[PDB]
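Here is the structure we will look at.
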Amino acid sequence: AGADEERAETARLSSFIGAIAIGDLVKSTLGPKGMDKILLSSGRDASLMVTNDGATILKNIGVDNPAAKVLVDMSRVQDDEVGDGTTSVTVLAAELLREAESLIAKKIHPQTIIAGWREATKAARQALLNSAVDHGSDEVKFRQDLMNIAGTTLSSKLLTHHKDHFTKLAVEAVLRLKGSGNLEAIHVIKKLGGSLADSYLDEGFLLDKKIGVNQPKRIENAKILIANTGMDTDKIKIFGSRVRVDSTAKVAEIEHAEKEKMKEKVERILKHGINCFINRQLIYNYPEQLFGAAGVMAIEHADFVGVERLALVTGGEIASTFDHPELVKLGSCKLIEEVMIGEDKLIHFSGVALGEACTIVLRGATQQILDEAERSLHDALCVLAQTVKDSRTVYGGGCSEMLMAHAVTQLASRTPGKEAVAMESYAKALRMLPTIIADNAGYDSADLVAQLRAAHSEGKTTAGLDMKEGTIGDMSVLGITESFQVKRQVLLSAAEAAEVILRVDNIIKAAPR
Amino acid sequence: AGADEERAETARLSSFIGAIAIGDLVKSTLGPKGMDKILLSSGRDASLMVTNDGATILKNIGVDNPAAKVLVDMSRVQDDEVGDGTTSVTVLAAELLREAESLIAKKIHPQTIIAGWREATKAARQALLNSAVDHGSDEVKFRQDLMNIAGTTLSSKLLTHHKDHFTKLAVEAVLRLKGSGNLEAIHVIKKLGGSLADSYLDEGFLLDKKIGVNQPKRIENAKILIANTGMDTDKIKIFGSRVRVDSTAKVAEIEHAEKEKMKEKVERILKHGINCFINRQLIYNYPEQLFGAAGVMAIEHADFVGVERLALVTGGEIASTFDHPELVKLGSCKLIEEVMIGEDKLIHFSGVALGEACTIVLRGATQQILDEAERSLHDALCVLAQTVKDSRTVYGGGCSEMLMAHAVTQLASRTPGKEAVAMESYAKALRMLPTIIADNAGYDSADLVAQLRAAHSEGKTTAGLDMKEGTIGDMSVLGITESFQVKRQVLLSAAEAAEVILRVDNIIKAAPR
Amino acid sequence: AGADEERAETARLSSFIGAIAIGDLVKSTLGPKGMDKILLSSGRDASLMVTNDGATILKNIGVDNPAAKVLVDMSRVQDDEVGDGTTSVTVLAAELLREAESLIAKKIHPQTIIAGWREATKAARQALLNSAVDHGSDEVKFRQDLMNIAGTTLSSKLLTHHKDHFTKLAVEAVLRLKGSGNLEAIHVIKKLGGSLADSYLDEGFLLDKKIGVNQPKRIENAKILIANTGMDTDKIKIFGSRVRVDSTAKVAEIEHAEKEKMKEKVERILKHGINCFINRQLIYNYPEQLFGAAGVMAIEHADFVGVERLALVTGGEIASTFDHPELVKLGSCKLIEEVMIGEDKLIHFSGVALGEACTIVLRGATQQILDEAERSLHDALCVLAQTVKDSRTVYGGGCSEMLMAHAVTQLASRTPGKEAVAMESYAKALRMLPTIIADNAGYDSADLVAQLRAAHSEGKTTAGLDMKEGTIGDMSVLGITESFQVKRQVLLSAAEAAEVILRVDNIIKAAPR
């Protein structure tokens, strides 16, 4: 009724099962005709979170007892190195487990076979030199700014009609970013409005919060205040306890003390000419009445992540206790206002003196699938930063993968004894990628594999898998390219996570009913 | 239609389970290091009989519901006109069923994969033409007549402690048989009465019948008479009983006439010199008295199979009515006599002018184990005969199989569409065979599998698995060669037998009659 | 009723089963080709733990009803004295139980046999120096410093791919360590930055903290201050009374008092020229503003363990209240600076006058698998300190083990009576160790045993088992060696464990449910 009970060879199967379950969900995602899945959970989860990107969803949740979470964690380091485009690295590791059925048939030492991963070490190198043509991306780049790799990341995604334009916008963002800054202070949010452009570029920062129903609608020549400590006051670290006293006047004094906090906030707020107050946490009610009459707009529970970027942008400030206003606070001033984007209320910070950090605001159809824009968008910013830095790329659509696969078949026969079995199993691992790209396309996977191998074997590097075509075609015309870095790291990365899987095999549970 | 309804999965599976059960028992059976197996059962049993030959035991027993019995039955047709040597035909068909679990992962159309079988046949011939297949067997051949393939057949067999000598004798029989065409006239009977040699070779045919206690014991310059019709005269095919005559004048017509059948037989017999009479059926008492006085030895209800084999040997005749003597009859005239070999009196036919066929005539230490030799004898008979008809042979010890395996791996890369997928799986399967030959040796499979592969790759078709060596060596020095027919039929048969169950539509009842 | 009550012959068997189950898991953890295992448990466990070291996992959990937990507990006392090496003591004790089946056959008195153990001490003595040690270990040394025993300690460990290189590094650490006082002046930390080398050796102590963003980055002619008390001032644990404030006006008197703490710290600080301040606990903010203007770099919440190490290194200091500066404090004069390491911020202390203590920094990819490296360093530091001081070692790879067995077999036969039966069995047990080392290698154990014996018999102490080779070779070229302490202690410790199980007829427990 529950049984379980796994030993030695069946123990191995638990490693096997984890790989097959993950592969089916992720396979649909890779390629232009991608698929969207929604996940719901309760208990510290609100509802219906859907992620197209395989890396974000696996990383967030550790659903069950079988081991697989450690493999998932590793993908993020890859993400940091370069990461994305389409999520293909996890699938490659999963298929490597299928050969292990063969290993029981081999019936000698499975660890000797482990030499195959070491063998894979220069297999990676073989693909590091012979693959694609397309290098540098000089600087700023007129035409070559995009209409390339960001588009390929998008090609897998289904929003690529209007969206390819959005992608084009993202490289403009990286050009300003470019410098000794590295990769910081860029935030982009979607909006429920409908426009052909579906996106806008903001010179400053965008936030979605309001002081309350009352307060002036707009502020000019605004001063910005950011406070680490909340407006709420009464419970310090040690209470001073709960006490009685004994007079008909003393209980009144504590209420009076509250007024003093109110007094400091208004009198010095006015000297500064403060137009907006932003605090990352809860805000005490008393000051709120004060802000409305004064003509000062404040934000309750503003997110910290938005605040830190904003600080670099406005010159920053020293966020301490109420002494915080005046000189210790740097306030840039152009326009802070709630702007009618089209459908909803937003607050715009703009005209930043620094210029180092800028914000992009997206507009879309609406309903969690517009979150798709965040999904594509997250991928867009990161890909570009290394495309310029790496100074080289390889052909996409699996063109790179089939070529290496043809080369590795030769290698297995060449290695003596034990090694040839191990090396050849690694070699067909490359074969599934063409199959995965074709499968989500809906075209028949079996036919696709055979036709593909003949074109790569012939000697044309440009030729690859064309999903729209339903056969093979010229990758370069499409503009699909993969970062050279994604290929170097993935080959090194797949082996180490997969290797962990063979070395485990034993999971222990005790007894019946 | 009969019943037993199945379609996709949990249909495919029943065939899958039947194949796995057969493979483990037959596995230890193959080559030099084979083993004898004993089974315990009730019914017309009550004892354990050891059958080394897989085909003999399978025909005898039909233990359970799943259907593998029909697959089993087929091996016998092969056995009668080629068959044996080592049991691999059943194992080769069984191993391809395993890929089906891999196939569910492929998840499309089993039949699309099936296109591989036509190619497997086209490729198999391509592979058959792509192998060295030895170069020797000059014709007759002074030493490599045997000590090669028959020895391997006997090797699995228990009797090989002294029987390997018996195997050597069998090739002598085939060389004389060789000539334009037919297999016929090979039959052997074992005799109780041990000798170190364990066999005596008769130049003619061995039979076990006698005319009666009376008659000349030995006949010289013998003429042989064969009759389709028996010597019994009175009844056409209606008994009419012995009866009583319905008049004094009608008794005379039948009984006097009976004397005439006697008289016709005597006058024709004396002129010919007829020393022996062989008739396929019942024989009348009246002639029997005459044969003793005449000096002619006759055989009652002689078996037809012995007679037909005998006809090539004696030149044959047209077996009509009693007119049959003289020119219409052709009888060889060297030596016919009844010889007591040592127990179970036998009759020896000797002196075949044609030379085309002989009876061998085995004998031994007198054990039921001795009758085991009768079973292993059969294996020697058809593998060798094919060798004379084909004028072709292949290198043994898996030399042919490893070479073919290396050649086939590159072939899959060469092909497109249907061809690429089906062909590589086929190529991979050849790899397991080297492993089984090495494993039964007792040496470690791992060291053996590619050390072997390197040798074949170089181009030495002679080099192969040397079981006695424990590693790899020169097969040609060993002299082991396999006939061309055993290799073409096994490969063609394996693919289709496998194919029929997957495609399967019914295969319903166990019912004969 | 049911139950599981055991007496005499039956009671012995439960002890027997526990020993066999443990040996199979531990056998794979011996020599260069050892395997890592991971265990998952629930009820009072966090996440899966992988323990290469047999001792750590066995101590942590008592999984089931059979008795073996107590046998396990003893190995830890050994670990303190010398410990680790490679786990093998448990294996040797377990195999001694197999001879017990033989013992029933002996059928006299099981404790009579205990005499053989006394002989075992004599036999152990015979092989404690007769073949003749290792040579050199002069102190400091060149080539023989590593690629020896540390490699062997790590041999059992999977991490030994990149890791064996780490092991090589450790002897360099012991060379500085050797001197007037054991282990306690060495600090090791792992990093989140990946590199193939995976480690660096620092001339001084390594820390990972910064004052904040301000203050000078680099200091010269540096002076170091360490405090056992925080810079925090106010409450103490008796407030100086419970006092209320009418409004935040009179508490200002208290604020002025705070400034006194500020000035005392600066006055003492400037005269010294104070380059860097390190405090083990929380730090008060007022001081911090002061340090930046002065040009002094301070460290907040630096760990105490690091500080103790630093004191021996810098001549030390007496840590007390703010009278701490000047003469009670001693500071090293070379170089303190913050140097970027990988993806983390680190501060390097260097140029220590003492020279006695140094620090090694490890990096690695970024996974809890990586945290494996710290598990290994601790076993690395202890073994080496012992290896130089004991000035005696024996050849590894089982070289010593076969050799002792050859000498002991003769001893049994030479002795005339009762003593000989007991003594011979002990000699037999040594045979399994060569077999166990070979079995985890994936090579045939039987072939390995005889080939091994022939090389040892010759008289070459340098010869031994090479798993990578698959046969026998020169251990010395590899450099693998075992420390002297493990061999003397194993021989006497093993005898005590075997003796207790044989002697106990009656346990009396229960508990299954």
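A note on labels: chains of the structure tokens are A, B, ... as shown, every chain counts residues from 1, and ligands are counted from 1 in their shown order.
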
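Taken over all Cα atoms in order, the superposition of chain C onto chain B returns an RMSD of 4.6 Å.
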
Write out as JSON lines a residue-level contact list of chain A versus chain C with cut-off 9 Å: for each qualifying residue the closest pair of atoms and the distance in Å to one decimal, counting only C-alpha atoms, rows sorted by chain and residue number upward.
```
{"residue": "A:67", "atom": "CA", "partner": "C:48", "partner_atom": "CA", "distance": 8.9}
{"residue": "A:70", "atom": "CA", "partner": "C:367", "partner_atom": "CA", "distance": 8.3}
{"residue": "A:73", "atom": "CA", "partner": "C:367", "partner_atom": "CA", "distance": 8.4}
{"residue": "A:74", "atom": "CA", "partner": "C:367", "partner_atom": "CA", "distance": 7.7}
{"residue": "A:77", "atom": "CA", "partner": "C:366", "partner_atom": "CA", "distance": 8.0}
{"residue": "A:108", "atom": "CA", "partner": "C:442", "partner_atom": "CA", "distance": 7.1}
{"residue": "A:109", "atom": "CA", "partner": "C:442", "partner_atom": "CA", "distance": 5.1}
{"residue": "A:110", "atom": "CA", "partner": "C:442", "partner_atom": "CA", "distance": 8.5}
{"residue": "A:111", "atom": "CA", "partner": "C:442", "partner_atom": "CA", "distance": 8.0}
{"residue": "A:112", "atom": "CA", "partner": "C:442", "partner_atom": "CA", "distance": 7.5}
{"residue": "A:240", "atom": "CA", "partner": "C:242", "partner_atom": "CA", "distance": 7.9}
{"residue": "A:253", "atom": "CA", "partner": "C:246", "partner_atom": "CA", "distance": 8.2}
{"residue": "A:257", "atom": "CA", "partner": "C:247", "partner_atom": "CA", "distance": 6.5}
{"residue": "A:260", "atom": "CA", "partner": "C:247", "partner_atom": "CA", "distance": 7.9}
{"residue": "A:503", "atom": "CA", "partner": "C:36", "partner_atom": "CA", "distance": 6.6}
{"residue": "A:504", "atom": "CA", "partner": "C:38", "partner_atom": "CA", "distance": 5.9}
{"residue": "A:505", "atom": "CA", "partner": "C:38", "partner_atom": "CA", "distance": 8.4}
{"residue": "A:506", "atom": "CA", "partner": "C:38", "partner_atom": "CA", "distance": 6.9}
{"residue": "A:507", "atom": "CA", "partner": "C:40", "partner_atom": "CA", "distance": 5.8}
{"residue": "A:508", "atom": "CA", "partner": "C:40", "partner_atom": "CA", "distance": 6.1}
{"residue": "A:509", "atom": "CA", "partner": "C:41", "partner_atom": "CA", "distance": 7.4}
{"residue": "A:510", "atom": "CA", "partner": "C:63", "partner_atom": "CA", "distance": 8.8}
```

Open item on the list: Just want the 12 Å neighbourhood of residue 294 in chain C, counted on only C-alpha atoms, with same-chain residues fewer than 4 positions away dropped. Output as a list in words.
Closed with: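 Selected residues are residues 214, 215, 216, 219, 265, 266, 267, 269, 270, 271, 272, 273, 274, 275, 276, 287, 288, 289, 290 and 298 of chain C.
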
Task: Exercise: residue 176 in chain A partners within 8 Å, only C-alpha atoms, chain neighbours under 4 positions left out, as number ranges by chain - done: A: 172, 356-358

TODO: Within 8 Å of residue 385 in chain B, counting only C-alpha atoms, which residues show up once you throw out same-chain ones fewer than 3 positions away? Write them as a ChimeraX atom specification, please.
DONE: /B:174,177-178,183,381-382,388-389

TODO: Pull the helix (DSSP H, G or I) assignments for range 22-227 of chain B out of DSSP run on the backbone, and list those residues as a PyMOL selection string.
DONE: chain B and resi 22-27+54-60+69-81+89-106+110-128+149-156+160-177

Task: Separation of CA of residue 152 in chain A from CA of residue 433 in chain A in Å - done: 16.3 Å

Task: residue 373 in chain A environment, 12 Å, only C-alpha atoms, sequence neighbours closer than 2 positions dropped, as an MDAnalysis selection string - done: chainID A and resid 51:53 154 157:160 162:167 170 188:192 198:199 360:371 375:380

Selected residues, C-alpha atoms, written as a PDB file, in the first residue's frame, please.
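Output file result_31.pdb follows:
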```
ATOM      1  CA  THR A  51       7.425  29.986 -14.895  1.00  0.00           C
ATOM      2  CA  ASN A  52       8.527  29.295 -18.475  1.00  0.00           C
ATOM      3  CA  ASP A  53      12.154  29.447 -17.420  1.00  0.00           C
ATOM      4  CA  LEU A 154      12.669  34.945 -27.226  1.00  0.00           C
ATOM      5  CA  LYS A 157       8.967  31.931 -25.984  1.00  0.00           C
ATOM      6  CA  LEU A 158       5.470  32.424 -27.560  1.00  0.00           C
ATOM      7  CA  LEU A 159       5.202  36.202 -27.071  1.00  0.00           C
ATOM      8  CA  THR A 160       7.575  36.802 -30.001  1.00  0.00           C
ATOM      9  CA  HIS A 162       5.351  42.222 -30.456  1.00  0.00           C
ATOM     10  CA  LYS A 163       8.076  40.911 -28.121  1.00  0.00           C
ATOM     11  CA  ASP A 164      10.996  40.796 -30.581  1.00  0.00           C
ATOM     12  CA  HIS A 165      10.692  44.619 -30.489  1.00  0.00           C
ATOM     13  CA  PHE A 166      10.936  44.447 -26.624  1.00  0.00           C
ATOM     14  CA  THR A 167      14.132  42.476 -26.913  1.00  0.00           C
ATOM     15  CA  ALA A 170      16.916  45.634 -23.825  1.00  0.00           C
ATOM     16  CA  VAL A 188      11.883  46.522 -15.296  1.00  0.00           C
ATOM     17  CA  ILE A 189       8.084  46.023 -14.640  1.00  0.00           C
ATOM     18  CA  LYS A 190       5.126  45.139 -16.913  1.00  0.00           C
ATOM     19  CA  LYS A 191       1.908  47.208 -17.044  1.00  0.00           C
ATOM     20  CA  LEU A 192      -1.701  46.180 -17.835  1.00  0.00           C
ATOM     21  CA  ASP A 198       4.105  47.512 -25.526  1.00  0.00           C
ATOM     22  CA  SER A 199       7.081  49.145 -23.776  1.00  0.00           C
ATOM     23  CA  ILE A 360      12.498  50.112 -18.556  1.00  0.00           C
ATOM     24  CA  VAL A 361       8.717  49.804 -18.132  1.00  0.00           C
ATOM     25  CA  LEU A 362       6.773  47.262 -20.179  1.00  0.00           C
ATOM     26  CA  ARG A 363       3.119  47.459 -21.284  1.00  0.00           C
ATOM     27  CA  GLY A 364       1.094  44.340 -22.142  1.00  0.00           C
ATOM     28  CA  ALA A 365      -2.096  42.312 -22.668  1.00  0.00           C
ATOM     29  CA  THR A 366      -2.592  41.213 -18.947  1.00  0.00           C
ATOM     30  CA  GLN A 367      -3.054  38.051 -16.724  1.00  0.00           C
ATOM     31  CA  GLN A 368       0.192  36.363 -15.440  1.00  0.00           C
ATOM     32  CA  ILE A 369       1.112  35.745 -19.098  1.00  0.00           C
ATOM     33  CA  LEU A 370       2.177  39.365 -19.182  1.00  0.00           C
ATOM     34  CA  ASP A 371       4.528  38.151 -16.397  1.00  0.00           C
ATOM     35  CA  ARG A 375      10.326  35.982 -17.928  1.00  0.00           C
ATOM     36  CA  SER A 376      11.723  36.964 -21.347  1.00  0.00           C
ATOM     37  CA  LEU A 377      13.021  40.231 -19.937  1.00  0.00           C
ATOM     38  CA  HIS A 378      15.099  38.640 -17.177  1.00  0.00           C
ATOM     39  CA  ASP A 379      16.789  36.555 -19.835  1.00  0.00           C
ATOM     40  CA  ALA A 380      17.360  39.559 -22.132  1.00  0.00           C
TER      41      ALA A 380
END
```

Looking only at strand (DSSP E) from DSSP on the backbone, list the matching residues of range 326-460 of chain C as a PDB file with N, CA and C atoms, in the first residue's frame.
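selection32.pdb written:
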```pdb
ATOM      1  N   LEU C 335      52.380  43.668   7.014  1.00  0.00           N
ATOM      2  CA  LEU C 335      51.362  44.166   6.079  1.00  0.00           C
ATOM      3  C   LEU C 335      49.945  43.634   6.285  1.00  0.00           C
ATOM      4  N   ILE C 336      48.994  44.527   6.464  1.00  0.00           N
ATOM      5  CA  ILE C 336      47.588  44.138   6.526  1.00  0.00           C
ATOM      6  C   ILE C 336      46.799  44.832   5.412  1.00  0.00           C
ATOM      7  N   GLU C 337      46.137  44.070   4.563  1.00  0.00           N
ATOM      8  CA  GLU C 337      45.351  44.671   3.487  1.00  0.00           C
ATOM      9  C   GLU C 337      44.158  43.807   3.111  1.00  0.00           C
ATOM     10  N   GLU C 338      43.183  44.422   2.471  1.00  0.00           N
ATOM     11  CA  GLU C 338      42.019  43.690   2.014  1.00  0.00           C
ATOM     12  C   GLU C 338      42.186  43.398   0.521  1.00  0.00           C
ATOM     13  N   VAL C 339      42.192  42.121   0.188  1.00  0.00           N
ATOM     14  CA  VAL C 339      42.403  41.666  -1.184  1.00  0.00           C
ATOM     15  C   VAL C 339      41.210  40.874  -1.676  1.00  0.00           C
ATOM     16  N   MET C 340      40.718  41.232  -2.847  1.00  0.00           N
ATOM     17  CA  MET C 340      39.547  40.574  -3.388  1.00  0.00           C
ATOM     18  C   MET C 340      39.866  39.103  -3.673  1.00  0.00           C
ATOM     19  N   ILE C 341      39.035  38.197  -3.184  1.00  0.00           N
ATOM     20  CA  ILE C 341      39.232  36.783  -3.477  1.00  0.00           C
ATOM     21  C   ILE C 341      38.004  36.260  -4.192  1.00  0.00           C
ATOM     22  N   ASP C 344      34.288  36.916  -3.112  1.00  0.00           N
ATOM     23  CA  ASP C 344      34.124  37.374  -1.721  1.00  0.00           C
ATOM     24  C   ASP C 344      35.227  38.332  -1.257  1.00  0.00           C
ATOM     25  N   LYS C 345      34.904  39.086  -0.212  1.00  0.00           N
ATOM     26  CA  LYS C 345      35.805  40.100   0.339  1.00  0.00           C
ATOM     27  C   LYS C 345      36.633  39.474   1.479  1.00  0.00           C
ATOM     28  N   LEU C 346      37.957  39.464   1.351  1.00  0.00           N
ATOM     29  CA  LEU C 346      38.814  38.857   2.381  1.00  0.00           C
ATOM     30  C   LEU C 346      39.951  39.791   2.817  1.00  0.00           C
ATOM     31  N   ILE C 347      40.374  39.642   4.064  1.00  0.00           N
ATOM     32  CA  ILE C 347      41.451  40.459   4.621  1.00  0.00           C
ATOM     33  C   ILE C 347      42.624  39.569   5.037  1.00  0.00           C
ATOM     34  N   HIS C 348      43.815  39.943   4.595  1.00  0.00           N
ATOM     35  CA  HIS C 348      45.005  39.133   4.839  1.00  0.00           C
ATOM     36  C   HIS C 348      45.972  39.729   5.861  1.00  0.00           C
ATOM     37  N   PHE C 349      46.296  38.929   6.867  1.00  0.00           N
ATOM     38  CA  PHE C 349      47.280  39.310   7.870  1.00  0.00           C
ATOM     39  C   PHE C 349      48.577  38.597   7.470  1.00  0.00           C
ATOM     40  N   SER C 350      49.693  39.304   7.369  1.00  0.00           N
ATOM     41  CA  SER C 350      50.929  38.653   6.915  1.00  0.00           C
ATOM     42  C   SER C 350      52.210  39.260   7.486  1.00  0.00           C
ATOM     43  N   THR C 359      48.351  30.028   7.485  1.00  0.00           N
ATOM     44  CA  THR C 359      46.968  29.674   7.109  1.00  0.00           C
ATOM     45  C   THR C 359      46.797  29.259   5.631  1.00  0.00           C
ATOM     46  N   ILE C 360      45.972  28.235   5.403  1.00  0.00           N
ATOM     47  CA  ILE C 360      45.672  27.740   4.051  1.00  0.00           C
ATOM     48  C   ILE C 360      44.222  28.052   3.663  1.00  0.00           C
ATOM     49  N   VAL C 361      44.032  28.634   2.486  1.00  0.00           N
ATOM     50  CA  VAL C 361      42.693  28.989   2.009  1.00  0.00           C
ATOM     51  C   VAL C 361      42.273  28.107   0.828  1.00  0.00           C
ATOM     52  N   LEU C 362      41.109  27.491   0.963  1.00  0.00           N
ATOM     53  CA  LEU C 362      40.566  26.581  -0.051  1.00  0.00           C
ATOM     54  C   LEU C 362      39.433  27.262  -0.815  1.00  0.00           C
ATOM     55  N   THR C 393      57.263   4.435   9.170  1.00  0.00           N
ATOM     56  CA  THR C 393      56.056   4.155   8.376  1.00  0.00           C
ATOM     57  C   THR C 393      56.225   2.825   7.637  1.00  0.00           C
ATOM     58  N   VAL C 394      55.166   2.348   7.010  1.00  0.00           N
ATOM     59  CA  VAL C 394      55.223   1.109   6.230  1.00  0.00           C
ATOM     60  C   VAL C 394      54.615   1.363   4.852  1.00  0.00           C
ATOM     61  N   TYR C 395      54.926   0.524   3.878  1.00  0.00           N
ATOM     62  CA  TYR C 395      54.417   0.743   2.524  1.00  0.00           C
ATOM     63  C   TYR C 395      52.900   0.520   2.457  1.00  0.00           C
TER      64      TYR C 395
END
```

Open item on the list: Restricting the calculation to only C-alpha atoms: of B:65, B:418, B:481, B:332, which residue gets closest to residue 445 in chain A?
Closed with: B:418

TODO: Skip range 396-404 of chain C itself and residues of its chain fewer than 5 positions away, then list as a list in words all residues within 6 Å of it, counting only C-alpha atoms.
DONE: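 Here the qualifying residues turn out to be residues 127, 456, 464, 465, 480, 481 and 482 of chain C.
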
For the residues in the current selection, export C-alpha atoms as a compact mmCIF listing (two decimals), in the first residue's frame.
```txt
# COMPACT_ATOMS: atom_id res chain seq x y z
CA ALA C 127 56.10 -8.22 11.34
CA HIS C 456 56.29 -10.19 -1.65
CA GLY C 464 52.48 -3.91 -3.57
CA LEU C 465 48.94 -3.73 -4.97
CA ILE C 480 51.96 5.69 -1.02
CA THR C 481 52.95 4.96 2.55
CA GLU C 482 51.18 4.25 5.84
```
